[PDB]
Amino acid sequence: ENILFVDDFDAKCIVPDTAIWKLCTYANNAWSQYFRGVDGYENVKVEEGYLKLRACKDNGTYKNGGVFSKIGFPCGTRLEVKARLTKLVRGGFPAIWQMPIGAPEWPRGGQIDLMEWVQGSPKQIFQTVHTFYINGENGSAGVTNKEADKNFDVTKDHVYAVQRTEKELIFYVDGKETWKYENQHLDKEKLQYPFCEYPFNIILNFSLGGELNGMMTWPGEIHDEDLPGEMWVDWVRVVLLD
Ligand SMILES: CC(=O)N[C@H]1[C@H](O[C@@H]2[C@@H](O)[C@H](O)O[C@H](CO)[C@@H]2O)O[C@H](CO)[C@@H](O[C@@H]2O[C@H](CO)[C@H](O)[C@H](O)[C@H]2O)[C@@H]1O
Ligand SMILES: [Ca+2]
Ligand code: NA
Ligand code: NA
């Protein structure tokens, strides 16, 4: 099987590979708002074969932990990520996902979420597709997998995967297919399937929710007493398909 990229996070270093992995930065949205004033690698380390991403509160200030790949991947590929949460955190918002590189403004270039967790459904994860066709100017939910295992322990290791081709996206958990999002071969102007127009990166983060500009976010209310939380990523792999 053809390995286009792999990181086992087992390099003789205390931070993830500095050529591949960049620290996440502040932006006025739910997942990014608490990268503000995160000092370098304070919430991000490599240790005992894991990337360890921490979310915590530091003298009044919520701080996220996350990195994104500077490298990205074409179509005809499958991304596999092994990860667990150390615990459930109320208001915690950990994610394993992909953004297009150099695409028009979100959500026009698309977005793929291999894993998200929120306190509102604590014994499940979400696998989600975003496009301008789905979301338009006003939508943020995307299309998510409704038959998601309802009886599932996020604090154990799982392998989250998406296979991306011109035909479709196929999601997996622990090597079992969960759902697919098909190319409908519509007018290019509808932007229904942008997933081969730009390379997609890898994003790994443990973010905190609560209010954004006075509106409650999907991950809901932050319970300070539950903090800190960590996501441990054992490995990331991108395979070239047949
Ligand atoms: C509604 C929203 O917050 N959208 C931002 C998007 O969010 C992701 C969600 O769509 C989804 O729930 O999965 C992940 C993991 O939890 C994120 O929460 O993220 C993108 C990429 O960061 C944002 O696009 C960026 O917006 C900023 C300004 O806010 C900037 O314009 C940048 O150019 C753009 O890429 C969505 O706003
Ligand atoms: Ca590892
Ligand atoms: Na790095
Ligand atoms: Na999701």
# chains A, B, ... in the order shown; residues from 1 in each chain; ligands from 1
call {"tool": "residues_near_ligand", "arguments": {"ligand": "ligand 1", "cutoff": "8 Å", "atoms": "only C-alpha atoms and all ligand atoms", "output": "count of residues only"}}
result
27
call {"tool": "residues_near_ligand", "arguments": {"ligand": "ligand 3", "cutoff": "9 Å", "atoms": "only C-alpha atoms and all ligand atoms", "output": "PyMOL selection string"}}
result
chain A and resi 15-23+41+44-45+67-69
call {"tool": "write_last_selection", "arguments": {"atoms": "N, CA and C atoms", "output": "PDB file, in the first residue's frame"}}
result
ATOM      1  N   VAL A  15       8.431  18.834  20.026  1.00  0.00           N
ATOM      2  CA  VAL A  15       7.339  19.495  19.256  1.00  0.00           C
ATOM      3  C   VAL A  15       7.175  18.707  17.974  1.00  0.00           C
ATOM      4  N   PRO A  16       5.974  18.763  17.345  1.00  0.00           N
ATOM      5  CA  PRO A  16       5.771  18.138  16.050  1.00  0.00           C
ATOM      6  C   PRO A  16       6.702  18.772  15.016  1.00  0.00           C
ATOM      7  N   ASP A  17       7.001  17.984  13.991  1.00  0.00           N
ATOM      8  CA  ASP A  17       7.895  18.341  12.864  1.00  0.00           C
ATOM      9  C   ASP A  17       7.585  19.776  12.419  1.00  0.00           C
ATOM     10  N   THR A  18       8.566  20.669  12.501  1.00  0.00           N
ATOM     11  CA  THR A  18       8.409  22.129  12.227  1.00  0.00           C
ATOM     12  C   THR A  18       8.306  22.431  10.723  1.00  0.00           C
ATOM     13  N   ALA A  19       8.666  21.514   9.825  1.00  0.00           N
ATOM     14  CA  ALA A  19       8.479  21.713   8.364  1.00  0.00           C
ATOM     15  C   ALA A  19       7.039  21.346   7.983  1.00  0.00           C
ATOM     16  N   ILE A  20       6.418  20.393   8.672  1.00  0.00           N
ATOM     17  CA  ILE A  20       5.086  19.842   8.323  1.00  0.00           C
ATOM     18  C   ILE A  20       3.966  20.557   9.095  1.00  0.00           C
ATOM     19  N   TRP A  21       4.139  20.757  10.405  1.00  0.00           N
ATOM     20  CA  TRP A  21       3.060  21.133  11.353  1.00  0.00           C
ATOM     21  C   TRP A  21       3.272  22.576  11.807  1.00  0.00           C
ATOM     22  N   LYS A  22       2.267  23.414  11.605  1.00  0.00           N
ATOM     23  CA  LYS A  22       2.309  24.834  12.027  1.00  0.00           C
ATOM     24  C   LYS A  22       1.310  25.033  13.170  1.00  0.00           C
ATOM     25  N   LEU A  23       1.606  25.911  14.132  1.00  0.00           N
ATOM     26  CA  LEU A  23       0.670  26.216  15.247  1.00  0.00           C
ATOM     27  C   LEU A  23      -0.566  26.948  14.723  1.00  0.00           C
ATOM     28  N   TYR A  41       4.394  26.782  21.709  1.00  0.00           N
ATOM     29  CA  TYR A  41       4.025  25.348  21.812  1.00  0.00           C
ATOM     30  C   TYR A  41       3.473  25.008  23.208  1.00  0.00           C
ATOM     31  N   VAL A  44       0.938  22.276  22.948  1.00  0.00           N
ATOM     32  CA  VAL A  44       1.266  21.293  21.876  1.00  0.00           C
ATOM     33  C   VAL A  44       2.639  20.680  22.161  1.00  0.00           C
ATOM     34  N   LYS A  45       2.702  19.355  22.311  1.00  0.00           N
ATOM     35  CA  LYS A  45       3.994  18.638  22.465  1.00  0.00           C
ATOM     36  C   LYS A  45       3.926  17.274  21.757  1.00  0.00           C
ATOM     37  N   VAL A  67      -2.476  22.178  15.695  1.00  0.00           N
ATOM     38  CA  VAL A  67      -1.571  22.413  14.546  1.00  0.00           C
ATOM     39  C   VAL A  67      -2.308  22.088  13.253  1.00  0.00           C
ATOM     40  N   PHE A  68      -1.790  22.594  12.149  1.00  0.00           N
ATOM     41  CA  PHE A  68      -2.260  22.281  10.786  1.00  0.00           C
ATOM     42  C   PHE A  68      -1.051  21.977   9.914  1.00  0.00           C
ATOM     43  N   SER A  69      -1.245  21.065   8.940  1.00  0.00           N
ATOM     44  CA  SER A  69      -0.168  20.672   8.014  1.00  0.00           C
ATOM     45  C   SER A  69       0.042  21.813   7.028  1.00  0.00           C
TER      46      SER A  69
END
call {"tool": "closest_residue", "arguments": {"among": "A:180, A:146, A:156, A:223", "to": "residue 121 in chain A", "atoms": "only C-alpha atoms"}}
result
A:146
call {"tool": "residues_near_ligand", "arguments": {"ligand": "ligand 2", "cutoff": "7 Å", "atoms": "only C-alpha atoms and all ligand atoms", "output": "ChimeraX atom specification"}}
result
/A:8-10,49-50,234-235
call {"tool": "closest_residue", "arguments": {"among": "A:150, A:75, A:123, A:220", "to": "residue 168 in chain A", "atoms": "only C-alpha atoms"}}
result
A:75
call {"tool": "select_by_dssp", "arguments": {"residues": "range 30-65 of chain A", "states": "strand (DSSP E or B)", "output": "list in words"}}
result
residues 44, 45, 46, 47, 50, 51, 52, 53, 54, 55, 56, 57, 58, 61, 62, 63 and 65 of chain A
call {"tool": "write_last_selection", "arguments": {"atoms": "C-alpha atoms", "output": "short mmCIF file (atom, residue, chain, number, x, y, z; two decimals), in the first residue's frame"}}
result
data_model
loop_
_atom_site.label_atom_id
_atom_site.label_comp_id
_atom_site.auth_asym_id
_atom_site.auth_seq_id
_atom_site.Cartn_x
_atom_site.Cartn_y
_atom_site.Cartn_z
CA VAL A 44 1.27 21.29 21.88
CA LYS A 45 3.99 18.64 22.46
CA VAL A 46 5.24 15.28 21.08
CA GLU A 47 5.76 12.67 23.88
CA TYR A 50 1.77 10.87 20.69
CA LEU A 51 1.01 14.37 19.48
CA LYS A 52 -0.59 15.82 22.70
CA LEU A 53 -2.97 18.81 22.15
CA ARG A 54 -4.12 20.54 25.36
CA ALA A 55 -7.08 22.87 26.05
CA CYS A 56 -6.97 24.72 29.44
CA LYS A 57 -7.67 28.05 31.21
CA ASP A 58 -4.61 30.18 32.19
CA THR A 61 -7.80 33.10 29.54
CA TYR A 62 -9.07 30.02 27.61
CA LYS A 63 -6.28 28.44 25.47
CA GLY A 65 -4.09 23.39 21.38
#
call {"tool": "closest_residue", "arguments": {"among": "A:172, A:152, A:179, A:34", "to": "residue 117 in chain A", "atoms": "only C-alpha atoms"}}
result
A:152
call {"tool": "select_by_dssp", "arguments": {"residues": "range 6-241 of chain A", "states": "helix (DSSP H, G or I)", "output": "JSON, numbers by chain"}}
result
{"A": [33, 34, 35, 132, 133, 134, 135, 188, 189, 190, 224, 225, 226]}
call {"tool": "residues_around", "arguments": {"residues": "residue 154 in chain A", "least_positions_apart": "5", "cutoff": "9 Å", "atoms": "only C-alpha atoms", "output": "list in words"}}
result
residues 83, 84, 85, 86, 87, 88, 117, 122, 123, 124 and 125 of chain A
call {"tool": "closest_residue", "arguments": {"among": "A:82, A:188, A:70, A:108", "to": "residue 231 in chain A", "atoms": "only C-alpha atoms"}}
result
A:82
